[PDB]
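Structure below is final30.pdb: PDB, C-alpha atoms and all ligand atoms.
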```pdb
ATOM      1  CA  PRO A 101    -115.747 108.204 -28.827  1.00  0.00           C
ATOM      2  CA  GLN A 102    -118.149 109.987 -31.212  1.00  0.00           C
ATOM      3  CA  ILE A 103    -119.590 113.081 -29.581  1.00  0.00           C
ATOM      4  CA  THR A 104    -122.833 114.582 -30.877  1.00  0.00           C
ATOM      5  CA  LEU A 105    -123.375 118.301 -30.422  1.00  0.00           C
ATOM      6  CA  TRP A 106    -126.997 118.366 -29.207  1.00  0.00           C
ATOM      7  CA  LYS A 107    -125.397 119.515 -25.943  1.00  0.00           C
ATOM      8  CA  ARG A 108    -122.155 121.133 -24.845  1.00  0.00           C
ATOM      9  CA  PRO A 109    -119.287 118.649 -25.391  1.00  0.00           C
ATOM     10  CA  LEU A 110    -118.118 118.466 -21.785  1.00  0.00           C
ATOM     11  CA  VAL A 111    -115.580 115.914 -20.559  1.00  0.00           C
ATOM     12  CA  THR A 112    -113.674 115.246 -17.354  1.00  0.00           C
ATOM     13  CA  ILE A 113    -110.018 116.309 -17.281  1.00  0.00           C
ATOM     14  CA  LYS A 114    -107.142 115.870 -14.837  1.00  0.00           C
ATOM     15  CA  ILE A 115    -104.759 118.789 -14.328  1.00  0.00           C
ATOM     16  CA  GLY A 116    -102.352 119.722 -11.565  1.00  0.00           C
ATOM     17  CA  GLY A 117    -103.781 116.946  -9.421  1.00  0.00           C
ATOM     18  CA  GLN A 118    -107.398 118.147  -9.620  1.00  0.00           C
ATOM     19  CA  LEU A 119    -110.453 116.843 -11.462  1.00  0.00           C
ATOM     20  CA  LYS A 120    -112.324 119.357 -13.584  1.00  0.00           C
ATOM     21  CA  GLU A 121    -115.006 119.529 -16.281  1.00  0.00           C
ATOM     22  CA  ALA A 122    -113.989 121.149 -19.580  1.00  0.00           C
ATOM     23  CA  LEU A 123    -115.415 122.046 -22.992  1.00  0.00           C
ATOM     24  CA  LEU A 124    -113.909 120.409 -26.124  1.00  0.00           C
ATOM     25  CA  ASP A 125    -113.663 123.628 -28.193  1.00  0.00           C
ATOM     26  CA  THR A 126    -112.597 123.695 -31.881  1.00  0.00           C
ATOM     27  CA  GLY A 127    -113.035 127.465 -31.852  1.00  0.00           C
ATOM     28  CA  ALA A 128    -110.383 127.930 -29.157  1.00  0.00           C
ATOM     29  CA  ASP A 129    -106.765 128.202 -30.356  1.00  0.00           C
ATOM     30  CA  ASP A 130    -105.345 127.473 -26.882  1.00  0.00           C
ATOM     31  CA  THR A 131    -106.546 125.822 -23.698  1.00  0.00           C
ATOM     32  CA  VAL A 132    -107.814 128.087 -20.901  1.00  0.00           C
ATOM     33  CA  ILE A 133    -108.511 126.948 -17.340  1.00  0.00           C
ATOM     34  CA  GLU A 134    -110.134 128.760 -14.398  1.00  0.00           C
ATOM     35  CA  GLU A 135    -107.929 130.262 -11.658  1.00  0.00           C
ATOM     36  CA  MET A 136    -105.839 127.561 -10.021  1.00  0.00           C
ATOM     37  CA  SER A 137    -102.253 127.073  -8.873  1.00  0.00           C
ATOM     38  CA  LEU A 138     -99.810 125.436 -11.257  1.00  0.00           C
ATOM     39  CA  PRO A 139     -96.070 124.812 -10.852  1.00  0.00           C
ATOM     40  CA  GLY A 140     -93.396 126.741 -12.676  1.00  0.00           C
ATOM     41  CA  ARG A 141     -92.726 130.096 -14.273  1.00  0.00           C
ATOM     42  CA  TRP A 142     -95.464 131.791 -16.310  1.00  0.00           C
ATOM     43  CA  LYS A 143     -95.837 134.931 -18.406  1.00  0.00           C
ATOM     44  CA  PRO A 144     -98.796 137.278 -18.792  1.00  0.00           C
ATOM     45  CA  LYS A 145    -100.934 137.238 -21.908  1.00  0.00           C
ATOM     46  CA  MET A 146    -104.180 138.704 -23.167  1.00  0.00           C
ATOM     47  CA  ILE A 147    -106.736 136.585 -25.036  1.00  0.00           C
ATOM     48  CA  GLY A 148    -109.912 137.992 -26.558  1.00  0.00           C
ATOM     49  CA  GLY A 149    -113.281 136.853 -27.806  1.00  0.00           C
ATOM     50  CA  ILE A 150    -116.962 137.654 -27.440  1.00  0.00           C
ATOM     51  CA  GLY A 151    -117.113 140.359 -24.798  1.00  0.00           C
ATOM     52  CA  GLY A 152    -113.508 141.458 -25.104  1.00  0.00           C
ATOM     53  CA  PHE A 153    -110.226 140.428 -23.474  1.00  0.00           C
ATOM     54  CA  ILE A 154    -109.048 138.903 -20.205  1.00  0.00           C
ATOM     55  CA  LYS A 155    -105.564 138.647 -18.729  1.00  0.00           C
ATOM     56  CA  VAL A 156    -104.179 135.123 -18.299  1.00  0.00           C
ATOM     57  CA  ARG A 157    -100.979 133.403 -17.122  1.00  0.00           C
ATOM     58  CA  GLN A 158     -99.276 131.283 -19.749  1.00  0.00           C
ATOM     59  CA  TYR A 159     -97.832 128.051 -18.399  1.00  0.00           C
ATOM     60  CA  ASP A 160     -95.863 125.911 -20.845  1.00  0.00           C
ATOM     61  CA  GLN A 161     -95.362 122.145 -21.004  1.00  0.00           C
ATOM     62  CA  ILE A 162     -98.224 121.175 -18.704  1.00  0.00           C
ATOM     63  CA  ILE A 163     -99.558 117.607 -18.727  1.00  0.00           C
ATOM     64  CA  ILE A 164    -103.306 117.033 -18.892  1.00  0.00           C
ATOM     65  CA  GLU A 165    -105.407 113.894 -19.059  1.00  0.00           C
ATOM     66  CA  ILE A 166    -108.336 114.583 -21.373  1.00  0.00           C
ATOM     67  CA  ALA A 167    -111.089 111.968 -21.213  1.00  0.00           C
ATOM     68  CA  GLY A 168    -108.467 109.343 -20.350  1.00  0.00           C
ATOM     69  CA  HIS A 169    -105.908 110.579 -22.880  1.00  0.00           C
ATOM     70  CA  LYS A 170    -102.657 112.136 -21.723  1.00  0.00           C
ATOM     71  CA  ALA A 171    -101.407 115.257 -23.503  1.00  0.00           C
ATOM     72  CA  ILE A 172     -98.737 117.951 -23.081  1.00  0.00           C
ATOM     73  CA  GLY A 173     -98.865 121.627 -24.025  1.00  0.00           C
ATOM     74  CA  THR A 174     -99.480 125.235 -23.069  1.00  0.00           C
ATOM     75  CA  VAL A 175    -102.257 126.090 -20.647  1.00  0.00           C
ATOM     76  CA  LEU A 176    -103.628 129.551 -20.005  1.00  0.00           C
ATOM     77  CA  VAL A 177    -104.897 130.174 -16.451  1.00  0.00           C
ATOM     78  CA  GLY A 178    -107.298 133.006 -15.744  1.00  0.00           C
ATOM     79  CA  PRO A 179    -110.865 134.304 -15.093  1.00  0.00           C
ATOM     80  CA  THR A 180    -112.702 132.266 -17.720  1.00  0.00           C
ATOM     81  CA  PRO A 181    -116.393 131.312 -17.154  1.00  0.00           C
ATOM     82  CA  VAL A 182    -115.742 127.796 -18.417  1.00  0.00           C
ATOM     83  CA  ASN A 183    -112.781 125.471 -18.705  1.00  0.00           C
ATOM     84  CA  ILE A 184    -111.797 125.254 -22.357  1.00  0.00           C
ATOM     85  CA  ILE A 185    -109.774 122.551 -24.108  1.00  0.00           C
ATOM     86  CA  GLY A 186    -108.386 124.251 -27.213  1.00  0.00           C
ATOM     87  CA  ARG A 187    -106.865 123.056 -30.463  1.00  0.00           C
ATOM     88  CA  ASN A 188    -103.328 122.943 -29.020  1.00  0.00           C
ATOM     89  CA  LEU A 189    -104.393 119.898 -26.981  1.00  0.00           C
ATOM     90  CA  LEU A 190    -107.227 118.512 -29.123  1.00  0.00           C
ATOM     91  CA  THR A 191    -104.723 117.739 -31.862  1.00  0.00           C
ATOM     92  CA  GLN A 192    -102.589 115.727 -29.415  1.00  0.00           C
ATOM     93  CA  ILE A 193    -105.433 113.356 -28.641  1.00  0.00           C
ATOM     94  CA  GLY A 194    -106.187 112.996 -32.346  1.00  0.00           C
ATOM     95  CA  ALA A 195    -109.554 114.748 -32.312  1.00  0.00           C
ATOM     96  CA  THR A 196    -111.220 115.688 -35.607  1.00  0.00           C
ATOM     97  CA  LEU A 197    -114.470 117.343 -36.678  1.00  0.00           C
ATOM     98  CA  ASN A 198    -116.496 115.103 -39.000  1.00  0.00           C
ATOM     99  CA  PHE A 199    -119.550 115.701 -41.192  1.00  0.00           C
TER     100      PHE A 199
ATOM    101  CA  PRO B   1    -114.980 115.593 -44.659  1.00  0.00           C
ATOM    102  CA  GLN B   2    -112.727 114.953 -41.670  1.00  0.00           C
ATOM    103  CA  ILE B   3    -111.132 118.102 -40.301  1.00  0.00           C
ATOM    104  CA  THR B   4    -107.982 118.004 -38.208  1.00  0.00           C
ATOM    105  CA  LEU B   5    -107.347 120.875 -35.816  1.00  0.00           C
ATOM    106  CA  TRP B   6    -103.705 121.740 -36.578  1.00  0.00           C
ATOM    107  CA  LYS B   7    -105.047 125.034 -37.908  1.00  0.00           C
ATOM    108  CA  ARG B   8    -108.313 126.944 -37.419  1.00  0.00           C
ATOM    109  CA  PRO B   9    -111.251 124.997 -38.829  1.00  0.00           C
ATOM    110  CA  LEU B  10    -112.332 127.828 -41.181  1.00  0.00           C
ATOM    111  CA  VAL B  11    -114.876 127.251 -43.920  1.00  0.00           C
ATOM    112  CA  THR B  12    -116.748 129.240 -46.499  1.00  0.00           C
ATOM    113  CA  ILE B  13    -120.402 130.041 -45.754  1.00  0.00           C
ATOM    114  CA  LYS B  14    -122.950 131.620 -48.045  1.00  0.00           C
ATOM    115  CA  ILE B  15    -125.481 133.883 -46.435  1.00  0.00           C
ATOM    116  CA  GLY B  16    -127.611 136.592 -47.972  1.00  0.00           C
ATOM    117  CA  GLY B  17    -126.075 135.884 -51.347  1.00  0.00           C
ATOM    118  CA  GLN B  18    -122.608 136.686 -49.999  1.00  0.00           C
ATOM    119  CA  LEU B  19    -119.585 134.454 -49.430  1.00  0.00           C
ATOM    120  CA  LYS B  20    -117.984 134.689 -45.996  1.00  0.00           C
ATOM    121  CA  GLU B  21    -115.407 132.870 -43.924  1.00  0.00           C
ATOM    122  CA  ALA B  22    -116.555 131.211 -40.704  1.00  0.00           C
ATOM    123  CA  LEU B  23    -115.098 129.165 -37.851  1.00  0.00           C
ATOM    124  CA  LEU B  24    -116.572 125.760 -36.916  1.00  0.00           C
ATOM    125  CA  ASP B  25    -116.818 126.332 -33.168  1.00  0.00           C
ATOM    126  CA  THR B  26    -117.971 123.459 -30.941  1.00  0.00           C
ATOM    127  CA  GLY B  27    -117.626 125.670 -27.878  1.00  0.00           C
ATOM    128  CA  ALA B  28    -120.217 128.140 -29.218  1.00  0.00           C
ATOM    129  CA  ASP B  29    -123.847 127.347 -28.423  1.00  0.00           C
ATOM    130  CA  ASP B  30    -125.149 129.703 -31.110  1.00  0.00           C
ATOM    131  CA  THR B  31    -124.065 131.018 -34.503  1.00  0.00           C
ATOM    132  CA  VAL B  32    -122.811 134.604 -34.483  1.00  0.00           C
ATOM    133  CA  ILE B  33    -122.018 136.646 -37.531  1.00  0.00           C
ATOM    134  CA  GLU B  34    -120.584 140.079 -38.169  1.00  0.00           C
ATOM    135  CA  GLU B  35    -122.792 143.070 -38.893  1.00  0.00           C
ATOM    136  CA  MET B  36    -124.763 142.739 -42.096  1.00  0.00           C
ATOM    137  CA  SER B  37    -128.331 143.183 -43.350  1.00  0.00           C
ATOM    138  CA  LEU B  38    -130.677 140.261 -42.816  1.00  0.00           C
ATOM    139  CA  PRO B  39    -134.395 139.976 -43.707  1.00  0.00           C
ATOM    140  CA  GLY B  40    -137.232 140.048 -41.184  1.00  0.00           C
ATOM    141  CA  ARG B  41    -137.746 141.222 -37.626  1.00  0.00           C
ATOM    142  CA  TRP B  42    -135.164 140.642 -34.931  1.00  0.00           C
ATOM    143  CA  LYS B  43    -135.372 139.903 -31.234  1.00  0.00           C
ATOM    144  CA  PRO B  44    -132.802 141.000 -28.658  1.00  0.00           C
ATOM    145  CA  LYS B  45    -130.453 138.408 -27.129  1.00  0.00           C
ATOM    146  CA  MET B  46    -127.696 138.411 -24.540  1.00  0.00           C
ATOM    147  CA  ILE B  47    -124.792 136.028 -25.075  1.00  0.00           C
ATOM    148  CA  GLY B  48    -121.861 135.301 -22.838  1.00  0.00           C
ATOM    149  CA  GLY B  49    -118.306 135.038 -24.128  1.00  0.00           C
ATOM    150  CA  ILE B  50    -114.843 134.844 -22.600  1.00  0.00           C
ATOM    151  CA  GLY B  51    -114.828 138.559 -21.853  1.00  0.00           C
ATOM    152  CA  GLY B  52    -118.391 139.013 -20.635  1.00  0.00           C
ATOM    153  CA  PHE B  53    -121.888 139.468 -22.051  1.00  0.00           C
ATOM    154  CA  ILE B  54    -122.887 141.427 -25.153  1.00  0.00           C
ATOM    155  CA  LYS B  55    -126.111 142.389 -26.958  1.00  0.00           C
ATOM    156  CA  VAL B  56    -126.860 140.839 -30.319  1.00  0.00           C
ATOM    157  CA  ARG B  57    -129.743 140.784 -32.789  1.00  0.00           C
ATOM    158  CA  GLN B  58    -131.467 137.428 -33.317  1.00  0.00           C
ATOM    159  CA  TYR B  59    -132.847 136.506 -36.744  1.00  0.00           C
ATOM    160  CA  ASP B  60    -134.685 133.200 -37.107  1.00  0.00           C
ATOM    161  CA  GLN B  61    -135.126 130.871 -40.071  1.00  0.00           C
ATOM    162  CA  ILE B  62    -132.187 132.225 -42.048  1.00  0.00           C
ATOM    163  CA  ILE B  63    -130.913 130.079 -44.917  1.00  0.00           C
ATOM    164  CA  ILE B  64    -127.199 129.453 -44.746  1.00  0.00           C
ATOM    165  CA  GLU B  65    -124.844 127.245 -46.710  1.00  0.00           C
ATOM    166  CA  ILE B  66    -122.000 125.866 -44.627  1.00  0.00           C
ATOM    167  CA  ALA B  67    -119.190 124.269 -46.624  1.00  0.00           C
ATOM    168  CA  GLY B  68    -121.778 123.338 -49.272  1.00  0.00           C
ATOM    169  CA  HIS B  69    -124.310 122.023 -46.726  1.00  0.00           C
ATOM    170  CA  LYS B  70    -127.634 123.803 -46.501  1.00  0.00           C
ATOM    171  CA  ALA B  71    -128.976 124.736 -43.093  1.00  0.00           C
ATOM    172  CA  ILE B  72    -131.891 126.888 -41.929  1.00  0.00           C
ATOM    173  CA  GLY B  73    -131.892 128.267 -38.426  1.00  0.00           C
ATOM    174  CA  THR B  74    -131.166 131.021 -35.949  1.00  0.00           C
ATOM    175  CA  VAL B  75    -128.345 133.451 -36.652  1.00  0.00           C
ATOM    176  CA  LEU B  76    -127.190 136.159 -34.228  1.00  0.00           C
ATOM    177  CA  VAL B  77    -125.634 139.383 -35.514  1.00  0.00           C
ATOM    178  CA  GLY B  78    -123.220 141.440 -33.486  1.00  0.00           C
ATOM    179  CA  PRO B  79    -119.688 142.597 -32.539  1.00  0.00           C
ATOM    180  CA  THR B  80    -117.876 139.306 -32.936  1.00  0.00           C
ATOM    181  CA  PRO B  81    -114.154 138.940 -33.769  1.00  0.00           C
ATOM    182  CA  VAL B  82    -114.827 136.225 -36.409  1.00  0.00           C
ATOM    183  CA  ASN B  83    -117.908 134.625 -37.940  1.00  0.00           C
ATOM    184  CA  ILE B  84    -118.818 131.645 -35.750  1.00  0.00           C
ATOM    185  CA  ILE B  85    -120.836 128.571 -36.628  1.00  0.00           C
ATOM    186  CA  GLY B  86    -122.091 127.232 -33.310  1.00  0.00           C
ATOM    187  CA  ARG B  87    -123.777 124.009 -32.179  1.00  0.00           C
ATOM    188  CA  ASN B  88    -127.218 125.088 -33.375  1.00  0.00           C
ATOM    189  CA  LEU B  89    -126.091 124.754 -36.989  1.00  0.00           C
ATOM    190  CA  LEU B  90    -123.386 122.108 -36.551  1.00  0.00           C
ATOM    191  CA  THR B  91    -126.077 119.673 -35.416  1.00  0.00           C
ATOM    192  CA  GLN B  92    -127.943 120.425 -38.643  1.00  0.00           C
ATOM    193  CA  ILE B  93    -125.022 119.528 -40.863  1.00  0.00           C
ATOM    194  CA  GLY B  94    -124.500 116.428 -38.779  1.00  0.00           C
ATOM    195  CA  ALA B  95    -121.112 117.390 -37.382  1.00  0.00           C
ATOM    196  CA  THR B  96    -119.544 115.299 -34.614  1.00  0.00           C
ATOM    197  CA  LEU B  97    -116.296 115.290 -32.632  1.00  0.00           C
ATOM    198  CA  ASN B  98    -114.275 112.061 -32.845  1.00  0.00           C
ATOM    199  CA  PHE B  99    -111.115 110.743 -31.179  1.00  0.00           C
TER     200      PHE B  99
HETATM  201  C1  LIG A 201    -114.871 133.607 -30.077  1.00  0.00           C
HETATM  202  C2  LIG A 201    -113.911 132.480 -30.495  1.00  0.00           C
HETATM  203  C3  LIG A 201    -113.118 132.912 -31.748  1.00  0.00           C
HETATM  204  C4  LIG A 201    -112.920 132.100 -29.383  1.00  0.00           C
HETATM  205  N1  LIG A 201    -113.562 131.691 -28.111  1.00  0.00           N
HETATM  206  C5  LIG A 201    -113.892 130.277 -28.104  1.00  0.00           C
HETATM  207  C6  LIG A 201    -115.390 130.029 -28.197  1.00  0.00           C
HETATM  208  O1  LIG A 201    -115.634 128.626 -28.526  1.00  0.00           O
HETATM  209  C7  LIG A 201    -116.174 130.405 -26.921  1.00  0.00           C
HETATM  210  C8  LIG A 201    -116.003 129.447 -25.702  1.00  0.00           C
HETATM  211  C9  LIG A 201    -116.791 129.935 -24.480  1.00  0.00           C
HETATM  212  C10 LIG A 201    -118.013 129.350 -24.135  1.00  0.00           C
HETATM  213  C11 LIG A 201    -118.750 129.822 -23.010  1.00  0.00           C
HETATM  214  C12 LIG A 201    -118.192 130.873 -22.265  1.00  0.00           C
HETATM  215  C13 LIG A 201    -116.962 131.484 -22.573  1.00  0.00           C
HETATM  216  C14 LIG A 201    -116.239 131.012 -23.715  1.00  0.00           C
HETATM  217  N2  LIG A 201    -117.606 130.430 -27.192  1.00  0.00           N
HETATM  218  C15 LIG A 201    -118.352 131.604 -27.190  1.00  0.00           C
HETATM  219  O2  LIG A 201    -117.844 132.751 -27.179  1.00  0.00           O
HETATM  220  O3  LIG A 201    -119.660 131.248 -27.206  1.00  0.00           O
HETATM  221  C16 LIG A 201    -120.688 132.327 -27.330  1.00  0.00           C
HETATM  222  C17 LIG A 201    -120.912 132.563 -28.805  1.00  0.00           C
HETATM  223  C18 LIG A 201    -122.201 131.777 -29.162  1.00  0.00           C
HETATM  224  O4  LIG A 201    -122.570 131.076 -27.948  1.00  0.00           O
HETATM  225  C19 LIG A 201    -121.992 131.780 -26.775  1.00  0.00           C
HETATM  226  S1  LIG A 201    -112.830 132.345 -26.762  1.00  0.00           S
HETATM  227  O5  LIG A 201    -113.436 131.722 -25.600  1.00  0.00           O
HETATM  228  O6  LIG A 201    -112.976 133.780 -26.898  1.00  0.00           O
HETATM  229  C20 LIG A 201    -111.092 131.956 -26.720  1.00  0.00           C
HETATM  230  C21 LIG A 201    -110.130 132.857 -27.245  1.00  0.00           C
HETATM  231  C22 LIG A 201    -108.738 132.506 -27.183  1.00  0.00           C
HETATM  232  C23 LIG A 201    -108.381 131.234 -26.596  1.00  0.00           C
HETATM  233  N3  LIG A 201    -107.008 130.961 -26.578  1.00  0.00           N
HETATM  234  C24 LIG A 201    -109.321 130.357 -26.086  1.00  0.00           C
HETATM  235  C25 LIG A 201    -110.684 130.702 -26.135  1.00  0.00           C
HETATM  236 CL    CL A 202    -103.370 114.178 -37.268  1.00  0.00          CL
END
```
Go ahead and express the file in the form of structure tokens.
Amino acid sequence: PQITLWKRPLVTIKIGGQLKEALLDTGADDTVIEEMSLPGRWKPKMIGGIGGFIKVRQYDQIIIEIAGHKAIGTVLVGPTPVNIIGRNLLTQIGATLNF
Amino acid sequence: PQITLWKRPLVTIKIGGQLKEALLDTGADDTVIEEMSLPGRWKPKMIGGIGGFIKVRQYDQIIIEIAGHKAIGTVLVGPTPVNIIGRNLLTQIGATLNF
């Protein structure tokens, strides 16, 4: 699908059995999802941006269905205002920025 | 061009006669650049990032060249980790997300 940017590029995703809305973000290195429970071991990490840093839990090898496309990779779970799909998963679904 | 996301989508921008590096950021509503001197009066603006809200200076009708493409629009100046080209200017250069 070809997504224009007149508005936030939001899509529906499936993770850990729940349905959520997330932003397709080329500016985000890794994917970050709001507080939720995920299975497995995790390790703490700090990610920073506009406003500073937040502490997140790094879960590896998580499966996510992005707009009907399955993908595997690291997911950061923490107090983010919005669910963000980063480059680590955008690449897996073959997303590109065109102009 | 067609930009894959295996690495940060960085591009050269030309603003105020200077060459700078900037990130094509679909998850950013506005364009935010590091401290520098811009012409005209500014208005105050509050923007929200991953770590909270910050105060920036808004300059309108600034001429900016993004990867060789000329745009003219709003540019915010403040304490940002990297120069960010947000949706306000991406729409001007006709950028889309495809997959
Ligand atoms: C600042 C860039 C370099 C990185 N951020 C991505 C950006 O797309 C970020 C996404 C976002 C949108 C709305 C609320 C909160 C975050 N937009 C952003 O700050 O929008 C501001 C600037 C203009 O409009 C509002 S990040 O969230 O800090 C980040 C850092 C590390 C990881 N692993 C993932 C995400
Ligand atoms: Cl590829």
Inset, instruction - Pick out the closest residue to chain A from this set: B:5, B:62, B:82, B:75. Count all atoms listed in the file. - result: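 Once distances to chain A are computed over all atoms listed in the file, the minimum belongs to B:5.
Of the listed residues B:72, B:47, B:63, B:89, the one whose atoms come nearest to ligand LIG 201 (chain A) is B:47, with distances taken using only C-alpha atoms and all ligand atoms.
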Inset, instruction - Can you tell me which residues come within 6 Å of ligand LIG 201 (chain A) when counting all atoms listed in the file, ideally as a PyMOL selection string? - result: (chain A and resi 125+127-132+147-150+181-182) or (chain B and resi 25+27-31+47-50+82)
Please dump the current selection as a PDB file, in the coordinates of the input; keep C-alpha atoms.
```pdb
ATOM      1  CA  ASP A 125    -113.663 123.628 -28.193  1.00  0.00           C
ATOM      2  CA  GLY A 127    -113.035 127.465 -31.852  1.00  0.00           C
ATOM      3  CA  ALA A 128    -110.383 127.930 -29.157  1.00  0.00           C
ATOM      4  CA  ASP A 129    -106.765 128.202 -30.356  1.00  0.00           C
ATOM      5  CA  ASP A 130    -105.345 127.473 -26.882  1.00  0.00           C
ATOM      6  CA  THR A 131    -106.546 125.822 -23.698  1.00  0.00           C
ATOM      7  CA  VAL A 132    -107.814 128.087 -20.901  1.00  0.00           C
ATOM      8  CA  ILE A 147    -106.736 136.585 -25.036  1.00  0.00           C
ATOM      9  CA  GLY A 148    -109.912 137.992 -26.558  1.00  0.00           C
ATOM     10  CA  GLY A 149    -113.281 136.853 -27.806  1.00  0.00           C
ATOM     11  CA  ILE A 150    -116.962 137.654 -27.440  1.00  0.00           C
ATOM     12  CA  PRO A 181    -116.393 131.312 -17.154  1.00  0.00           C
ATOM     13  CA  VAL A 182    -115.742 127.796 -18.417  1.00  0.00           C
TER      14      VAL A 182
ATOM     15  CA  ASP B  25    -116.818 126.332 -33.168  1.00  0.00           C
ATOM     16  CA  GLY B  27    -117.626 125.670 -27.878  1.00  0.00           C
ATOM     17  CA  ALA B  28    -120.217 128.140 -29.218  1.00  0.00           C
ATOM     18  CA  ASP B  29    -123.847 127.347 -28.423  1.00  0.00           C
ATOM     19  CA  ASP B  30    -125.149 129.703 -31.110  1.00  0.00           C
ATOM     20  CA  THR B  31    -124.065 131.018 -34.503  1.00  0.00           C
ATOM     21  CA  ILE B  47    -124.792 136.028 -25.075  1.00  0.00           C
ATOM     22  CA  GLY B  48    -121.861 135.301 -22.838  1.00  0.00           C
ATOM     23  CA  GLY B  49    -118.306 135.038 -24.128  1.00  0.00           C
ATOM     24  CA  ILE B  50    -114.843 134.844 -22.600  1.00  0.00           C
ATOM     25  CA  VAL B  82    -114.827 136.225 -36.409  1.00  0.00           C
TER      26      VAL B  82
END
```
Inset, instruction - Convert the output of the PyMOL selection byres (((chain A and resi 183) around 6) and not hetatm) on the shown file into explicit residues, formatted as a ChimeraX atom specification. - result: /A:122,133,182,184
Legend entry - Output check: residues returned by the PyMOL selection byres ((chain A and not hetatm) within 6 of (chain B)), as number ranges by chain: A: 101-105, 125-127, 149-153, 180, 187, 191, 194-199
Legend entry - Chain and number of each residue from the PyMOL selection byres (((chain A and resi 114) around 10) and not hetatm), as a PyMOL selection string: chain A and resi 112-113+115-122+163-170
Inset, instruction - Within 9 Å of residue 158 (chain A), counting all atoms listed in the file, which residues show up once you throw out same-chain ones fewer than 3 positions away? Write them as a ChimeraX atom specification, please. - result: /A:141-145,174-177
Could you save those same residues with C-alpha atoms as a PDB file, in the frame of the given file?
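This is the output file result_12.pdb:
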```pdb
ATOM      1  CA  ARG A 141     -92.726 130.096 -14.273  1.00  0.00           C
ATOM      2  CA  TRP A 142     -95.464 131.791 -16.310  1.00  0.00           C
ATOM      3  CA  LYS A 143     -95.837 134.931 -18.406  1.00  0.00           C
ATOM      4  CA  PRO A 144     -98.796 137.278 -18.792  1.00  0.00           C
ATOM      5  CA  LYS A 145    -100.934 137.238 -21.908  1.00  0.00           C
ATOM      6  CA  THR A 174     -99.480 125.235 -23.069  1.00  0.00           C
ATOM      7  CA  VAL A 175    -102.257 126.090 -20.647  1.00  0.00           C
ATOM      8  CA  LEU A 176    -103.628 129.551 -20.005  1.00  0.00           C
ATOM      9  CA  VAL A 177    -104.897 130.174 -16.451  1.00  0.00           C
TER      10      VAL A 177
END
```
Inset, instruction - Give me, please, the distance in Å between CA of residue 61 (chain B) and CA of residue 11 (chain B), quoted to one decimal. - result: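 So the answer is 20.9 Å.
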Inset, instruction - For CA of residue 157 (chain A) and CA of residue 139 (chain A), determine how far apart the two atoms are, in Å to one decimal place. - result: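 Computing the Euclidean distance for CA of residue 157 (chain A) and CA of residue 139 (chain A) yields 11.7 Å.
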